[PDB]
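Coordinate analysis (summary)
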Amino acid sequence: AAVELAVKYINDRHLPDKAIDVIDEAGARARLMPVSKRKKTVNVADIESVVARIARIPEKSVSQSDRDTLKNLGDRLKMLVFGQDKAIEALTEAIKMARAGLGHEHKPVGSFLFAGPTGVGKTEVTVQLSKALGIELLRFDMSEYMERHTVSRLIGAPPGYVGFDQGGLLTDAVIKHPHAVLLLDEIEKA
Amino acid sequence: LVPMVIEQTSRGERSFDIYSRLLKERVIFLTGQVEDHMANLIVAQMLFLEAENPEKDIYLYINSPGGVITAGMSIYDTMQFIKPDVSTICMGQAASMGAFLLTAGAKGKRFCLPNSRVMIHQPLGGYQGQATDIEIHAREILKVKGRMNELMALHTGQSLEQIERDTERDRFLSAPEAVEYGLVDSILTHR
Amino acid sequence: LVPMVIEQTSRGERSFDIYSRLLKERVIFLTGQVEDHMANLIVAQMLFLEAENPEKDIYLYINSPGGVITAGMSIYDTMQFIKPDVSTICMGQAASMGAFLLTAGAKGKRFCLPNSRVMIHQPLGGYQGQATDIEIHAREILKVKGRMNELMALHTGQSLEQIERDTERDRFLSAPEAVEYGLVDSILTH
Ligand SMILES: Nc1ncnc2c1ncn2[C@@H]1O[C@H](COP(=O)(O)OP(=O)(O)O)[C@@H](O)[C@H]1O
């Protein structure tokens with residue numbers, strides 16, 4: 001579980017040293033947290049906590065006991081953002097399969113186009129979803145990216161031009177927060 | 001002058017004339033005397049709409065006082081050839097040629113305003129010259145008269161003899177009378 | 001040459017004609033002898049306004065000296081068929097057909113200027129040819145007069161006997177006298 005979970009939640013470091021850090025870190029916790037004559041065995045639950053801190057996540061996603069939140073995610077969102085139940089249930093179905101082992105091998109967890117009027121909580125459903133899953137929220141205004149030369153800001157400028165030192169707003173955001181929600185509003189104007 | 005109307009789009013606003021904006025909504029306008037030039041514009045719009053959506057029905061408003069029969073065939077033939085059904089709405093008045101195009105619409109989609117009129121009469125084409133040439137041209141106009149009566153019978157549903165009697169002399173059919181004669185299903189009041 | 005007004009919009013500056021800019025404010029102008037092309041133009045504007053806002057009332061000025069009766073019906077039937085209430089502000093000379101459109105306006109929304117002059121007369125048409133042919137056209141014009149007289153009484157509310165009586169001979173009615181006849185609701189206060 002250490003090598004599998006670390007690869008998904010820790011992409012910066014390489015697998016060999018990464019697995020050693022999480023494995024070694026688990027033993028350190030067993031030295032200080034136990035008061036006296038506690039279980040010496042290191043269960044899977046003890047690994048999920050240390051790996052969560054390394055990824056700065058709230059331990060809900062990596063943990064295998066968060067099913068209760070996903071099972072009632074649809075009902076919870078209705079109380080926060082009521083209305084258009086068909087829109088809320090659709091998100092839970094895609095999120096459930098992604099976390100149930102049925103997610104795409106290389107595609108994102110989910111790609112959706114919230115085509116609807118203004119004031120129907122199209123963006124509110126996204127910000128509240130991040131709070132439920134306990135992941136960072138990323139918001140990009142597509143209105144700014146209207147000119148042909150604006151695309152460079154998202155991916156950065158090539159070598160030999162201004163802005164090369166900057167990695168890129170979109171690339172640095174996803175890299176900094178691998179587990180996060182990405183929101184692109186007014187995509188049609190892009 | 002033709003007024004301009006703006007339609008909001010994601011990228012930017014687009015300026016289109018009132019006739020072109022309605023054309024985008026499958027609304028053709030047949031106004032004035034029929035002619036080979038104006039008819040060419042009507043058929044061009046029909047063919048363009050067919051490519052856009054061969055399922056959606058076309059709407060052809062008819063407010064013409066009559067014109068040459070030759071140009072009318074181009075509009076009539078085009079309407080039947082294209083798959084989309086053309087809805088003919090009689091605005092103001094419909095002369096012999098206009099009424100022919102009016103009844104030429106698909107069954108169930110032909111309508112007339114409650115105050116519109118529908119006139120039908122035989123062709124007024126005339127020819128002059130030598131007696132030999134007159135005989136040749138005279139025989140041709142009778143064929144067109146008979147052909148128009150046969151086509152009107154198919155759409156209107158009346159017998160060839162009935163159309164001949166009504167078309168022998170000029171006749172003005174009011175909007176309610178048009179439904180009785182069989183040119184349209186009913187008045188355009190509800191949809 | 002028609003002027004070219006400028007409009008201030010958030011997206012950018014747009015150039016419109018004086019008539020086209022007024023069309024945005026649901027203001028339609030009518031003038032000159034009624035013609036098939038002229039009538040279809042007014043009809044086209046009405047259809048566009050209905051789709052834009054079926055609730056906002058439309059305004060239609062009338063300064064025409066009269067024209068063909070057949071083409072005028074296309075404007076009348078269109079005004080009744082469309083949901084928006086099309087007010088009628090008679091700003092100048094209003095002949096029989098010109099007056100017919102003024103009466104066709106929505107009840108409680110028709111108006112006229114204090115110095116405006118409106119004259120109504122029976123439909124005038126002529127035809128020549130064979131004896132049988134003139135009889136058909138003669139019967140038709142009488143039918144049109146009945147239809148115009150019948151519809152005029154319905155909108156104005158005056159008895160059919162009075163409508164057909166005065167319409168026989170040429171009649172000229174001022175703006176204040178129009179209120180007595182029921183042709184118009186009331187003049188503009190300011
Ligand atoms: N169905 C809704 N339920 C709750 N709040 C809503 C709803 N629709 C709009 N809002 C409110 O509207 C505001 C903007 O929401 P947002 O999602 O940004 O709107 P939009 O999707 O139109 O961009 C917030 O205060 C949000 O709570």
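In terms of determination method and resolution, the entry is listed under cryo-EM at 3.24 Å.

Here we come to the overall build of chain A. Across its full length, chain A holds nine helices and two strands. Starting at the N terminus and walking to the C terminus, you meet the elements of chain A as α-α-α-α-α-α-α-β-α-α-β. For chain A, the spread of C-alpha atoms along the three principal axes comes to 65 × 50 × 30 Å. The buried share of chain A, taken over its 190 residues, is 28%. For chain A, the exposed surface amounts to about 13200 Å²; the carbon and sulfur share of it is 58%. Taking the 27 positively charged and 26 negatively charged side chains of chain A as two groups, their mean positions are separated by 7 Å.

Here the focus is the site of the ligand. Residue and element names in this part refer to chain A. Within the structure, the ligand sits among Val81, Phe82, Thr118, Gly119, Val120, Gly121, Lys122, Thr123 and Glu124. One nitrogen or oxygen atom from the main chain of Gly121 is found 2.9 Å from a nitrogen atom belonging to the ligand. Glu124 places a polar main-chain atom, nitrogen or oxygen, 2.6 Å from an oxygen atom of the ligand. Burial of the ligand by the protein chains amounts to 60% of its free accessible area of 560 Å².

For any pair of aromatic rings, the description rests on two quantities: the centre-to-centre distance and the angle between the ring planes. Residues and elements named next belong to chain B. Per the stated rule, a full pass over the model turns up six aromatic pairs over all chains. Ring centres 6.0 Å apart and planes at 55° place the aromatic pair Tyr19 and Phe29 in the tilted group. Here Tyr19, found in helix α1 (residues 18-24), pairs with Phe29, found in strand β3 (residues 27-31); they are ten residues apart in sequence, far enough to count as distant. Aromatic pair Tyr76 and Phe100: ring centres 4.7 Å apart, planes at 55°, arrangement tilted. Of this pair, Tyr76 sits in helix α3 (residues 69-81) while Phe100 is found in helix α4 (residues 96-103), placing the two residues 24 residues apart along the sequence. Three or more aromatic residues joined by ring pairs make a cluster, and in this case those are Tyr19, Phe29 and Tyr61.

Now for the sheet that holds strand β4 (residues 58-62) of chain C. Residue and element names in this part refer to chain C. One open sheet accounts for five strands, arranged β3-β4-β5-β6-β9; its pairing is parallel. At either end of the open sheet lies a strand with only one pairing partner, and these are β3 (27-28) and β9 (186-187). Taken together, the five bridges between β4 and strand β5 (residues 86-90) define a ladder with parallel strand orientation. Counterpart to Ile58 in the pairing with β5 is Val86. In the packing of helix α2 (residues 36-52) onto the sheet, contacts are made with β3, β4 and β5, and the angle to β4 comes to roughly 165°.

Membership of the largest hydrophobic core comes to 57 residues, with the highest contact counts inside it found for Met46, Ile75, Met97 and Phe100 of chain C. A total of nine residues in this core trace back to one element, the largest contributor, which is α2 of chain C. Membership of the second largest hydrophobic core comes to 41 residues, among which are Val34, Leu49, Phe100 and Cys112 of chain B.

Attention shifts here to empty space enclosed by the protein. Counted under the stated rule, the structure contains five cavities of 30 Å³ or more. As a volume, the largest cavity reaches approximately 150 Å³. Put simply, the parts of the chain that give the lining of the largest cavity at least two residues each are α5 (131-156), α6 (160-167) and β8 (171-174) of chain C. A breakdown of the residues in the lining of the largest cavity according to their chemical character gives six nonpolar, two polar and two charged. Taken as a whole, the second largest cavity encloses approximately 90 Å³ of empty space. Lining the second largest cavity, in full, are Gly92, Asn115 and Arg117 of chain B together with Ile69, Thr70, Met73, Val144, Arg147 and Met148 of chain C. Among the elements of the structure, α3 (69-81) and α5 of chain C are those that each provide at least two residues to the lining of the second largest cavity. Tallied by class, residues from the lining of the second largest cavity come to four nonpolar, three polar and two charged.

So, how was this worked out
- Residues numbered from 1 in each chain as written, not as in the entry; some residues may be left out.
- Chains lettered and ligands numbered in written order.
- Part of a larger assembly, values for the part shown.
- Heavy atoms only, no water.
- Helix = DSSP H or I, 4+ residues; strand = E, 2+ residues; numbered from the N terminus.
- Buried < 20%, exposed > 50% of the residue type's maximum accessible area, 1.4 Å probe, protein only.
- Areas by Shrake-Rupley, 256 points an atom, 1.4 Å probe, with all protein chains shown as cover.
- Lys, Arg positive; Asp, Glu negative; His and termini not counted.
- Charge placed at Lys NZ, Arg CZ, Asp CG, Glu CD.
- Near = heavy atom within 4 Å.
- Polar contact = N/O pair within 3.5 Å; in protein donor to acceptor, adjacent residues only side chain to side chain.
- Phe/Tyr/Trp six-rings, centres within 6.5 Å; stacked < 30°, edge-to-face > 60°.
- Pairing = 2+ DSSP bridges.
- Contact = heavy atoms within 4.5 Å.
- Axes fitted to C-alpha atoms, helices over the stretch in contact; angles between N-to-C directions.
- Core = buried A, V, L, I, M, F, W, Y, C linked by side-chain atoms within 4.5 Å.
- 1 Å grid on protein atoms, 1.4 Å probe; cavity = no way out; pocket = protein on both sides within 12 Å on 5 of 7 lines; lining within 4 Å.
- Points joined across faces, edges and corners; volume = space filled by probe spheres on them.
- Nonpolar A, V, L, I, M, F, W, Y, C, P; charged D, E, K, R; others polar.

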